[PDB]
């Protein structure tokens, strides 16, 4: 029985929460303190899906999908890209002149340095960004401001003094949607975008990765993610996490994968899912 819950790591109002609401508006987000807990909610049947961030353009917190996903009995059934924006929020009726300190995650402060220095404020560490909004609403100190996603302003009843105050623009986080059941996207018939995510092992010897990539190179398969991971503590063998643009039933991918299987061990397809238009 489907519980209609989608787990994420963090507090209510976070960017992960925004991703759940944007892509699955009719679902009920389920906050979890850690990524592992967000995975575990799907394994136990508490949540139908999990929304897990894996890439962020400006060195943000992302889950080690290469470690967690292969240990799960789970599959990637979608992806999502959310542009990240920060909002300067205060208690209702608090004026700009009253603010002395701005509370956010220590990492968030460094991405919003321009407005903190231009206004002469002191950035203050907070355990969690959405928690910073929660903290301001709970402490009820008018001098304390928070930097949080737009969603946290509405949830915690805080006023947004300034919009999109982040230093850099074009800050995007990539999520993957996880499920316990193996759902593959249908083979494209009219040039639709499909992503296949898989892992494989090679020996840690020269050209071993080269051998594994040979089939995609000569079959015109575009690879869009590739991360190395040395197995155990030793340097004897290496596992790779990879995304390709293609469906496993396509002849070109079938040929690349067959060549990959001769040169590697333990090839596991972790998902076959629709790709975002940003590609």
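Positions refer to the first chain, counted from 1.
- [ ] Name the higher of the two by mean Cα B-factor in the PDB entry, 214-222 versus 54-62.
- [x] Per the PDB record, 54-62.
- [ ] On mean C-alpha B-factor from the PDB entry, just flag whether 157-165 or 173-181 is the higher one.
- [x] Higher mean C-alpha B-factor: 157-165.
Task: Identity of residue with top Cα B-factor, from 77, 74, 205, 124 - done: Out of 77, 74, 205, 124, the record gives the largest C-alpha B-factor to 124.
- [ ] In terms of CA temperature factor as recorded, identify the highest of 106, 135, 195, 209.
- [x] Largest recorded C-alpha B-factor: 106.
Task: Third of chain Cα B-factors occupied by residue 39 - done: Middle third by C-alpha B-factor.
Open item on the list: How does the C-alpha B factor of residue 26 compare with the rest of the chain: lowest, middle or highest third?
Closed with: Answer is highest: the recorded C-alpha B-factor places it there.
Open item on the list: Test of reading the entry: by CA B factor among the chain's modelled residues, which third contains residue 199?
Closed with: According to the entry, residue 199 has a C-alpha B-factor in the chain's lowest third.
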